[PDB]
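[1] Opening piece of the complex, as it sits:
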Amino acid sequence: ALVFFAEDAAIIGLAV
Amino acid sequence: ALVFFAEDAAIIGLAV
Amino acid sequence: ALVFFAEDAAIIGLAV
Amino acid sequence: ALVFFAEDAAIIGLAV
């Protein structure tokens, strides 16, 4: 899978 | 909201 | 085009 | 994270 990063603060990984 | 980063060069934030 | 980064490990660029 | 709602009936949350 891929992990996209985003600022939610703190940086989080979104798994796809 | 989430901020996703992308390269456009410069890095930009895309807000959701 | 924009390039989104993702972890796949190595960081890769996804072009849009 | 964000939670988007949808009707599946019951309403469910989709998490991002």
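    Arrived safely. Numbering: from 1, shown residues only, chains lettered A, B, ... in the order given.
[2] Looks like residue A:7 contacts residue A:14 (just checking).
    No. Between residue A:7 and residue A:14 there is no contact under Cβ atoms under 8 Å: 11.4 Å. All C-beta spots, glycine's among them, are computed from the backbone N, C-alpha and C.
[3] Around chain B, which positions in chain A sit nearby?
    Chain A comes close to chain B at residues A:4-9, as judged by Cβ under 8 Å from any Cβ of the partner chain.
[4] Considering only those, which also neighbour chain C?
    Contacts with chain C within the residues of chain A next to chain B, counted by Cβ under 8 Å from any Cβ: A:4-5.
[5] Neighbour-wise, which one of the residues of chain A next to chain B leads?
    Tallying neighbours with other Cβ atoms under 10 Å in any protein chain shown puts residue A:6 at the head of the residues of chain A next to chain B, with 21 neighbours.
[6] Chain E goes on too:
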Amino acid sequence: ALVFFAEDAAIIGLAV
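    With chain E added, the chains above now look like this:
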């Protein structure tokens, strides 16, 4: 299929 709700005004359902 899922139905997502949106304001278009009236609330509509978008089917997927």
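[7] What is the distance between stretch A:5-16 and the centre of its chain?
    3 Å (Cα atoms, centre = their mean, to the nearest Å).
[8] who's in contact with it?
    For stretch A:5-16, the external contacting residues (Cβ atoms under 8 Å, 6 or more residues apart in numbering or on different chains) are A:1-4, B:2-5, B:13, C:5-7, D:1, D:16.
[9] Show me the two of these that sit farthest apart.
    A:1 and B:13 (23.6 Å; Cβ to Cβ).
[10] These two: which has the busier surroundings?
    residue B:13 (11 against 7).
[11] Phi and psi next, for the more buried one.
    Note on residue B:13: backbone dihedrals following degrees, to the nearest 10 are phi -110, psi 140.
[12] What residues are bridge-paired with it?
    Here residue B:13 sits in beta bridges with residue B:5, going by DSSP bridges.
[13] slot chain F in:
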Amino acid sequence: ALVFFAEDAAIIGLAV
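    Placing chain F onto the earlier chains gives this:
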């Protein structure tokens, strides 16, 4: 434009 709702907590509108 369409407005999608999401829970961010508070409910927000995302404009498209």
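[14] With chain F now part of the structure, what is the answer for the contacts of stretch A:5-16?
    A:1-4, B:2-5, B:13, C:5-7, D:1, D:16.
[15] ok, of those, which one's closest to chain E?
    Among these, residue D:16 lies closest to chain E (Cβ to the nearest Cβ), at 13.2 Å.
[16] ok, how many other residues are close to that closest one?
    Residue D:16: 12 neighbours (other Cβ under 10 Å).
[17] Now chain A against chain F: closest residue?
    residue A:8 (9.7 Å).
[18] what about the residue nearest to the spatial centre of chain A, distance to chain D?
    In chain A, the centroid-proximal residue (Cα atoms, centre = their mean) is residue A:13; its distance is 2.2 Å. Noted for residue A:13: a distance of 11 Å to chain D, by Cβ to the nearest Cβ, to the nearest Å.
[19] for residue A:3, same thing?
    Where chain D is concerned, residue A:3 sits at a distance of 14 Å (Cβ to the nearest Cβ).
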